[PDB]
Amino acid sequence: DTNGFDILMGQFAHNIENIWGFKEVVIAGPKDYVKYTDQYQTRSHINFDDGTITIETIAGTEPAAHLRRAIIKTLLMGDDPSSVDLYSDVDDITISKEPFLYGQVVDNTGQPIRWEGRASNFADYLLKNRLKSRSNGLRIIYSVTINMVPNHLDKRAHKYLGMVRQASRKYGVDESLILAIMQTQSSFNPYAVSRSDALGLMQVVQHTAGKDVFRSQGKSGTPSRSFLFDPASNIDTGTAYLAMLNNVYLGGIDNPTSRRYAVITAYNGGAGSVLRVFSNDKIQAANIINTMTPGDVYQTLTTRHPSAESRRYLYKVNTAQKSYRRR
């Protein structure tokens, strides 16, 4: 904890409200790419579970030209998440021949956008034929909205399978778990970043799981930001932690179906917080879960776990897994 990132993050938001007003302060999250440009007068927001691509501007002077350029930028940007500050209005020149959204959003024509020529056209279509308006209360906000292909999620999840597969055998963790979580945590968003700076596809925070993992493997110190914005490594690492919550921390839990529930919950709020729903004594806790049927452990973790986020998440990961279980 020697960051000082907090000071920038705090003035990013305020830079926003200075222009957008407190009510219109939208910002990057796990399931939402959001990038300001044009001195914070322009927003490119990808929503990875809706999954829409609203581009808005509030510049007074030439709204279209401002919008235009965001559309082309969002549609063509290559998925280099490491070269990308989702907290500056600085230009992350990430134009690639291999767009991150290629396969995930289409022309009005119905084709994939790959080069500036179609990107320009999809843009120009939308500015002449899909433009919209709302108000701050103060200024008009001009908006374009783009829906992504209906299976954008499993089209996005496809990038990370080779990674999930490798990490699943290395550590012993079911890919289904890895995907369920990865899905639930980021909707497969490589740009994913939390308010509590959990990072990347598996929403991993450097100074808890990232430390403990690095502490296995035999690595003094702590995972780099770039490191977690490598899908290959973030998936390595979230998985490594899943292994860990199961071998050590929640390994005193007898029943493996019960243990998984603990693991999942724990993956989101810590093993200490899981065990602490039964006893403040980590042994007594394990003893009590072994008193139970995996369904009552589920129904406990789902009803009595202190975090709202963590109760609503078990059903999310447990449910996503059922889908991923079969091949």
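Numbering starts at 1 and follows the sequence shown.
Task: Which of 237-245 and 162-170 has higher mean CA B factor, as the PDB entry lists it - done: Averaged over C-alpha atoms, the B-factors run higher in 162-170.
TODO: Would you determine, from the values in the PDB entry, which of 275-283 and 60-68 has the greater average C-alpha temperature factor?
DONE: Comparing 60-68 with 275-283, the higher average CA B-factor belongs to 275-283.
Open item on the list: Looking at the C-alpha B-factor values in the deposited entry, which of 175, 230, 212, 92 comes out highest?
Closed with: The record points to 92.
Task: Residue with maximal Cα B-factor (values as given in the PDB entry) among 151, 189, 83, 147 - done: In the PDB entry, the greatest C-alpha B-factor among 151, 189, 83, 147 is found at 83.
Task: Lowest, middle or highest third - CA B-factor, residue 204 - done: Its C-alpha B-factor, which the entry lists for residue 204, ranks in the lowest third among residues of this chain.
Task: Assigned third (lowest, middle, highest) for the C-alpha B factor of residue 180 - done: Bottom third by C-alpha B-factor.
Task: Chain-wide C-alpha B factor ranking for residue 74, given as lowest, middle or highest third - done: Ranked within chain, residue 74 CA B lands in the lowest tercile.
TODO: Sort the modelled residues of this chain by their C-alpha B factor and say whether residue 265 lands in the lowest, middle or highest third.
DONE: It falls in the bottom third of the chain.
- [ ] Consider only the C-alpha atoms of the modelled residues in this chain, order them by B-factor as the entry records it, and name the third containing residue 193: lowest, middle or highest.
- [x] For residue 193, whose C-alpha B-factor we compare with every modelled residue in the chain, the answer is the lowest third.
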